[PDB]
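Chains as they are written, first to last, in the working numbering: chain Z, 4 to 354; chain R, 12 to 364.
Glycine is no exception: its CB is placed at the ideal position from the N, C-alpha and C atoms.
Let me begin by presenting the structure, written as structure tokens, before commenting on it.
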Amino acid sequence: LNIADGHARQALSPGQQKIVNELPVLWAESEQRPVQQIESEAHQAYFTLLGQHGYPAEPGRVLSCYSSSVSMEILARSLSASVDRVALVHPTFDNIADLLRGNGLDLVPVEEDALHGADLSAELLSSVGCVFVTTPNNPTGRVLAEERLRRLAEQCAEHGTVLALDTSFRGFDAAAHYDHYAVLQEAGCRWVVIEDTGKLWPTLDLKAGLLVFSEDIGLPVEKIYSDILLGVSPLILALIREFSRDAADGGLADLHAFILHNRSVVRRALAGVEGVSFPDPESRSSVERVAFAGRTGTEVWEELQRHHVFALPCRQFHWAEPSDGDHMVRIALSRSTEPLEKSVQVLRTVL
Amino acid sequence: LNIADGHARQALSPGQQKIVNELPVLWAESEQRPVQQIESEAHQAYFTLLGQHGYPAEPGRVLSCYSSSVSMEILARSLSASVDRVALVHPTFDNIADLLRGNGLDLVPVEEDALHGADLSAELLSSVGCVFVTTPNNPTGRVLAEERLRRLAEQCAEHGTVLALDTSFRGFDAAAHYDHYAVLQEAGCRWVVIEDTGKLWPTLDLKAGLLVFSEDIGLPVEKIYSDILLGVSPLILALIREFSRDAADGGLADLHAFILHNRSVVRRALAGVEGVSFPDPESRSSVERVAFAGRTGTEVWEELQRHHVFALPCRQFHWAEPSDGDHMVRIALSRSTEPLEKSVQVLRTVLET
Ligand SMILES: [Cl-]
Ligand SMILES: [Cl-]
Ligand SMILES: [Mg+2]
């Protein structure tokens, strides 16, 4: 009973199963057509699905990568050409910190209340070459509102700072479906966005990271991209195109209802336990934090494993101060509902 | 007419096409079985296909990556933790130089005749922390023979040097199907091998790099791998397993005959042309170098493009001394024979003008 990894493992819907049954036809098409044409259609379907109508649609502006973490490796190594220190939201997906640190960047944490609630200070912005925001955030689900994105992009433009966004969880939360590219382009800051198809649908990790950047980004992202790959399989792009079209034709609303159902299953099973609470009441993401008293998430993780249930302690997401995550675990919701419910009834007994 | 990029674009064989038409079944299997089991089957089929029986088969010793270039990024960044300089075969696949340089490594070229024909000097081995060999080499097709691999591994063991091999072209040349892992493990050097499925078959870039390394590698490769990915799609692993089993069932013999046929097309179309020669007569790789005395590979490449044929000049592969490649172009052979023949016919016309 795995409730750890964020990638989707629930059953395909009937519409998605139809796409899988057409793989031999998508192969035929991918053999026959120029990859750039399938790529453009995949990008258009995915960006427009999620409200990002102002994305730059000229060939070459959106660089398709094998994954979002490959995009992040490209960006991190590019940043290291001209940047020493990066401001990074805390907590967040820890691979981002690992890839930045591994490419030689010093990291400055920005807590979520500072990031959403107020302008970044001049002292902070004057000490970093890049501000990095995951939105919706993993693990918290917190969405950077349009008014704050606009102010943050304006601040980065004044300070000469790169604004970088990781939007892997975008598909799960309609509040993240306002047009981010329209905001970024009107502010005129140096900007980069890493989109990701990989967390949305159960595609057996067939996915792309989509690296998008301003024309004045002033980092060697295109050169380093080209040292790592020429592009992704046209079959994967064709799959992204078809899953996005199924999503636009009702699949995405069904996904949101599914995640909401599983989130409610978790909260229903655990809410009666004294001292158990849900740190992110309004999250719509596919992962769910649970807080408890009297024990650590590491101890809960150890006990769950004895019962063959695999969840995640939260320490690792607090990449700057791990003890901040000591009294929480994270539960993956992109799972079939029956195994998920059995897992949380085990967690209920533990807590 | 593209005869530039080395990736395979020929039609599927009947055995491969059967696999493609069963892709929904591989999907169903991937939903039902643990990825680790499918992965182990995929590794077993690919390594044993190409004679690498001594590969480390314990789960987690072979790291599956999205591509061989992702494997190389992981290796390059891993090296930079403790290595400043790398000895690299020259010429070679010049992306390797770009990935190493981009991660802060300084490069020392080793010409092929020196690498294959004699021991490396002690002065080189005290000046580099890694020796990097592409075998079979791209673009030359030259294969590191077993006796020289053993001496290289022994020299690297004596000096605490990492021996790194990029074996993307292995499947094409039976001379590279002696067991490299047996040699490396007996020599006891620090070693890393990057296997690659992506050049063999027309799989629309559905592929894996396989990053394999010794237990004493002494580089943070496992950490950096895991910072970049958890693993590769079970569907791609199942595809690799199935293509490897088809290749074991006659498909690999058919592939060698197909490449030999296309190489023969190129050579018979150009051998009568004044000033043409083929520097790598014994190459069995899917790319082919062609030399000329009368003109520059760049000028030939430019004239080909006016006629809608896209090949590659060789300067780029001579990443340390580009003028060494000034009189050669490279031709991709993993192509349907008919377009390839059209391509080399334009080239013949250009060279005859
Ligand atoms: Cl995750
Ligand atoms: Cl190539
Ligand atoms: Mg080059």
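Simplified DSSP state of residue i, which is helix, strand or coil
{"i": "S67 (chain Z)", "result": "strand"}
{"i": "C141 (chain R)", "result": "strand"}
{"i": "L203 (chain Z)", "result": "coil"}
{"i": "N13 (chain R)", "result": "strand"}
{"i": "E291 (chain Z)", "result": "strand"}
{"i": "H10 (chain Z)", "result": "coil"}
{"i": "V97 (chain R)", "result": "strand"}
{"i": "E306 (chain Z)", "result": "helix"}
{"i": "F246 (chain Z)", "result": "helix"}
{"i": "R193 (chain Z)", "result": "strand"}
{"i": "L233 (chain Z)", "result": "coil"}
{"i": "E277 (chain Z)", "result": "coil"}
{"i": "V73 (chain Z)", "result": "helix"}
{"i": "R341 (chain R)", "result": "strand"}
{"i": "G336 (chain R)", "result": "helix"}
{"i": "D109 (chain Z)", "result": "strand"}
{"i": "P25 (chain R)", "result": "helix"}
{"i": "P35 (chain R)", "result": "helix"}
Per-residue burial, residue i [other beta carbons within 10 Å of its own, 16 or more giving buried]
{"i": "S326 (chain Z)", "result": "exposed"}
{"i": "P102 (chain R)", "result": "buried"}
{"i": "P45 (chain R)", "result": "exposed"}
{"i": "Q316 (chain R)", "result": "exposed"}
{"i": "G261 (chain R)", "result": "exposed"}
{"i": "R279 (chain R)", "result": "exposed"}
{"i": "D238 (chain R)", "result": "buried"}
{"i": "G305 (chain R)", "result": "exposed"}
{"i": "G283 (chain R)", "result": "exposed"}
{"i": "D227 (chain R)", "result": "exposed"}
{"i": "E50 (chain R)", "result": "buried"}
{"i": "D207 (chain R)", "result": "buried"}
{"i": "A219 (chain R)", "result": "buried"}
{"i": "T178 (chain R)", "result": "buried"}
{"i": "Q27 (chain R)", "result": "buried"}
{"i": "residue 399 (chain Z)", "result": "Nothing can be reported for residue 399 (chain Z), as the shown portion of chain Z is limited to 4 through 354."}
{"i": "residue 373 (chain R)", "result": "This structure cannot speak to residue 373 (chain R), because chain R is shown only from 12 to 364."}
{"i": "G308 (chain R)", "result": "buried"}
{"i": "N5 (chain Z)", "result": "exposed"}
{"i": "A15 (chain R)", "result": "buried"}
Proximal residues to residue i (C-beta, below 8 Å), its chain only, five neighbours per side dropped
{"i": "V194 (chain R)", "result": "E157, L160, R161, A164"}
{"i": "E134 (chain R)", "result": "none"}
{"i": "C159 (chain Z)", "result": "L128, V134, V165, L166, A190, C192, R193, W194"}
{"i": "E332 (chain R)", "result": "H101, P120"}
{"i": "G9 (chain Z)", "result": "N141, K202, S289, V290, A335, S337"}
Distance between beta carbons of residue j and residue i, contact taken as under 8 Å
{"i": "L250 (chain R)", "j": "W38 (chain R)", "result": "Not a contact, Cβ separation roughly 10 Å."}
{"i": "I197 (chain Z)", "j": "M331 (chain Z)", "result": "Not a contact, Cβ separation roughly 26 Å."}
{"i": "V287 (chain R)", "j": "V361 (chain R)", "result": "Actually they are not in contact, since the Cβ atoms of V287 (chain R) and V361 (chain R) sit about 11 Å apart, beyond 8 Å."}
{"i": "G152 (chain R)", "j": "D337 (chain R)", "result": "No, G152 (chain R) and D337 (chain R) are not in contact; Cβ-Cβ is about 20 Å, not under 8 Å."}
{"i": "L222 (chain R)", "j": "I85 (chain R)", "result": "6 Å"}
{"i": "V276 (chain R)", "j": "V357 (chain R)", "result": "About 14 Å; that fails the 8 Å criterion."}
{"i": "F96 (chain Z)", "j": "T138 (chain Z)", "result": "That belief does not hold up - the Cβ atoms of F96 (chain Z) and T138 (chain Z) are roughly 11 Å apart, past 8 Å."}
{"i": "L26 (chain Z)", "j": "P35 (chain R)", "result": "6 Å"}
{"i": "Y58 (chain Z)", "j": "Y184 (chain Z)", "result": "5 Å"}
{"i": "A187 (chain R)", "j": "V154 (chain R)", "result": "5 Å"}
{"i": "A79 (chain Z)", "j": "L118 (chain Z)", "result": "The pair is not a contact, with the Cβ atoms about 20 Å apart (cut-off 8 Å)."}
{"i": "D182 (chain Z)", "j": "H56 (chain Z)", "result": "6 Å"}
{"i": "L263 (chain R)", "j": "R359 (chain R)", "result": "Not a contact, Cβ separation roughly 31 Å."}
{"i": "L90 (chain R)", "j": "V81 (chain R)", "result": "About 15 Å separates the two Cβ atoms, so there is no contact after all."}
Beta-carbon contacts of residue i that lie in its chain and below 6 Å, excluding the five residues immediately before and after
{"i": "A259 (chain R)", "result": "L60"}
{"i": "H46 (chain Z)", "result": "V65"}
{"i": "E245 (chain Z)", "result": "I22"}
{"i": "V301 (chain R)", "result": "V340"}
{"i": "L343 (chain Z)", "result": "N265"}
{"i": "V86 (chain Z)", "result": "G132, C133"}
Own chain partners of residue i with C-beta closer than 7 Å, once the 5 adjacent residues on each side are dropped
{"i": "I270 (chain R)", "result": "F183, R295, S297, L344"}
{"i": "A48 (chain Z)", "result": "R244, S247, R248"}
{"i": "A84 (chain Z)", "result": "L222, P223"}
{"i": "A108 (chain R)", "result": "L99, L118, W330"}
{"i": "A260 (chain Z)", "result": "none"}
{"i": "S41 (chain R)", "result": "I49, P245, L246, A249"}
Does the region 300–315 of chain Z come within contact of the region 195–209 of chain Z, defined as at least 3 CB pairs closer than 8 Å? no
Can at least three beta-carbon pairs, one atom from the region 131–149 of chain R and one from the region 167–181 of chain R, be found at a separation below 8 Å? yes
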